[PDB]
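To keep things clear, I will list the structure first and then write my remarks on it.
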Amino acid sequence: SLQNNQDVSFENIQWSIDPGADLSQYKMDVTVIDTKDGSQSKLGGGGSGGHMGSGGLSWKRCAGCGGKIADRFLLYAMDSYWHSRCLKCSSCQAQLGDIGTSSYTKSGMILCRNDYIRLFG
Ligand SMILES: [Zn+2]
Ligand SMILES: [Zn+2]
Numbered sequence: 641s642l643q644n645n646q647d648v649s650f651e652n653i654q655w656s657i658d659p660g661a662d663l664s665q666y667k668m669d670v671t672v673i674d675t676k677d678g679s680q681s682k683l684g685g901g902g903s904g905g906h907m908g909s910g911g018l019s020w021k022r023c024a025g026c027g028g029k030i031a032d033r034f035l036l037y038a039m040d041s042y043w044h045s046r047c048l049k050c051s052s053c054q055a056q057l058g059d060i061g062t063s064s065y066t067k068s069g070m071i072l073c074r075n076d077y078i079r080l081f082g
């Protein structure tokens, strides 16, 4: 007989897996930092109705535009500070901070969930 070959490590166990659970080493944590300044409309008249002189002139430095984050919500990727327009796919340029997509990396490039698999692997 020669009936000694069946599927034992593939389609017999076709269960659905997490979208990048084993790619944890390439995964980044998108930390969405909330700004407690401005979420209260009753706080004051923005930066006009109230003389709130702030000593912080640098705030959080962005690694995307190279300046400082003057955006509302700043996001985390890899280890640097970002915001909506800078935290995006280097292939899509789609604002990852405007989506909340758990992007991945490998060679320093920031690629979206799907792009990393298509690009590198
Ligand atoms: Zn930026
Ligand atoms: Zn992409």
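Numbered by the entry's author numbering, the letters in the sequence shown go through residues 641 to 685, 901 to 911, 18 to 82 in order. C-beta: ideal position from N, C-alpha, C; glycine also.
Notebook entry, point to check: Contact between the region 668 to 681 and the region 18 to 37: three or more CB pairs below 8 Å?
Noted result: Between the region 668 to 681 and the region 18 to 37, the count of C-beta pairs closer than 8 Å reaches three or more; the two stretches touch.
Margin query: Measuring CB atoms only, is the region 660 to 667 touching the region 20 to 34, in the sense that at least three cross pairs come out at less than 8 Å?
Written below: Counting Cβ pairs under 8 Å, fewer than three are found: no touch.
Notebook entry, point to check: Out of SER19, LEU18, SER681, which has the shortest C-alpha to C-alpha gap to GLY905?
Noted result: Among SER19, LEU18, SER681, the Cα nearest to that of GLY905 belongs to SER681.
Margin query: I'd like the list of long-range same chain contacts for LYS67, defined as Cβ closer than 6 Å, with 5 residues on each side in sequence excluded.
Written below: Closer than 6 Å at Cβ, skipping near neighbours: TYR666, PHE81.
Notebook entry, point to check: CB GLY61 to CB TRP43, shorter than 8 Å?
Noted result: It is not a contact, given that the beta carbons lie outside the stated cut-off.
Next item on the list: Grab the span of the alpha helix (DSSP H) containing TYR77 for me, first residue to last.
Entry: Element bounds for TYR77: 74 to 80.
Margin query: With a threshold of 6 Å on Cβ separation, who are the neighbours of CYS26 within its own chain once the five nearest residues in sequence on each side are excluded?
Written below: If we look at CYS26 and ignore the five residues flanking it on each side, its Cβ neighbours are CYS47.
Note to self: Per DSSP, what are the beta-bridge partners of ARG22 in this structure?
What the structure shows: Looking at the DSSP assignment, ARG22 forms a beta bridge with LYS29.
Check: Distance, Cα to Cα, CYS23 vs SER45?
Finding: A direct Cα-Cα distance of roughly 11 Å separates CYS23 from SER45.
Check: Under the criterion of a Cβ to heavy atom distance below 7 Å, does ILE60 qualify as lining ligand 1?
Finding: Not under cutoff, so the answer is no.
Check: In whole angstroms, what is the alpha-carbon distance linking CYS50 and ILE78?
Finding: Rounded to the nearest angstrom, the two C-alpha atoms are 13 Å apart.
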